[PDB]
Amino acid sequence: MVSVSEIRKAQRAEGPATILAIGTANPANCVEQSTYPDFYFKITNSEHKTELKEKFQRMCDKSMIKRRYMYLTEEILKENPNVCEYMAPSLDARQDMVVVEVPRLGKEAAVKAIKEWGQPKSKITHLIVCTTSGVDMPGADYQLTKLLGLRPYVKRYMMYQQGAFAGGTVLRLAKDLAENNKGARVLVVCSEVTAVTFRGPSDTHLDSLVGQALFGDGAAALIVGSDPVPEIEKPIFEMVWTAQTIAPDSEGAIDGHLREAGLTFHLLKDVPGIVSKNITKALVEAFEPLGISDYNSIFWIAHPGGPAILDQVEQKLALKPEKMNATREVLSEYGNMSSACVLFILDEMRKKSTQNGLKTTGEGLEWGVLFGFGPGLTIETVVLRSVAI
């Protein structure tokens, strides 16, 4: 008696998943990079490690980061010596920080995205929360549902321990949720807090030390939906196609283990080298079907894992220096905020395009690409289309 074909046709949306609002937030403590080597070696009681401090100074000087926002403060660190050591039992203390800070910071970003969107929060049907900092049950998705007062029947997707490519993963996921469900409006929150990874320096663990020069905190929230209501809602970017892949010859490039001493990162190959060697293949898969092969003719968003990734990609492809402007501005002002970075870069790009009177939200260009990079080595690709004005 019941027709599933009829239900299916009635249940799905029609157009491309569209980003309709972006909002960001960061902890209030702004940490300058210029003075960080002195601060970090003094807070971790490592001033005697002279040669290691000089190496860290060089890491910070080459980082291309001017400042980062950190939940961790001098006061908090002085109350937690076990977090200040390279390797001490400290997960309970770290989890106590981040189980609360992840949803708190995510809430600030989400409220800003919901205000921009302008529609009732009761119309949010799906919620995706993503973090690499801590885990809990119920998760940060339940906490944000409670904090924001979303309907109890919001459909939740809790993405935990994902890693830095997951700004692309949440987009890939939101595209299918929005496109397959008529009326669906997805709240997407990436919220990343370095309290789980902060640790003291060790001269036999320089891969861990690199992270201390680069990682910073932040959250970004999106509203994603298909079939925007013309003039009530305001499209910013459309998603058209997505991929995820594991680069060949990259086993153990970025491993991260959550242990009694918190989250520790290793580094076993050449990440900038692997990303650079495999980005062309990713671009031809995405853009050959669209007939485009000039990679300066599209707008760019790349996870700024470190500046060398960006430099080697630019060099490999002969990108004009300006292509990575929005990416590098986020790296400069906020550091590497793991999954949230790429979403901050979308906000910077559309704000600067709008501010400067360009024709589209993608720097005046029609088609664009967003890349996430992280453990695996994983590359996430999202093909975007800009919107006029």
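In this text, residue numbers run from 1 along the sequence as written.
Looking at mean Cα B-factors across 312-320 and 176-184, the upper value is held by 312-320.
Averaged over CA atoms, B-factors in the entry run higher in 60-68 than in the other of 337-345 and 60-68. When the C-alpha B-factors of 381, 378, 18, 11 are ranked from the entry, the top spot goes to 11. Comparing the listed residues 101, 238, 75, 141, the entry records the largest Cα B-factor for 75. Residue 217: CA B factor lies in the lowest third for its chain, per the PDB record. Looking at the C-alpha B-factors along this chain, the one for residue 107 belongs to the middle third. Per-chain ranking of the deposited C-alpha B factor places residue 327 in the lowest third. Among all modelled residues in its chain, residue 265 ranks in the highest third by Cα B-factor. In this PDB entry, the Cα temperature factor of residue 160 sits in the bottom third of its chain's modelled residues, the lowest group.
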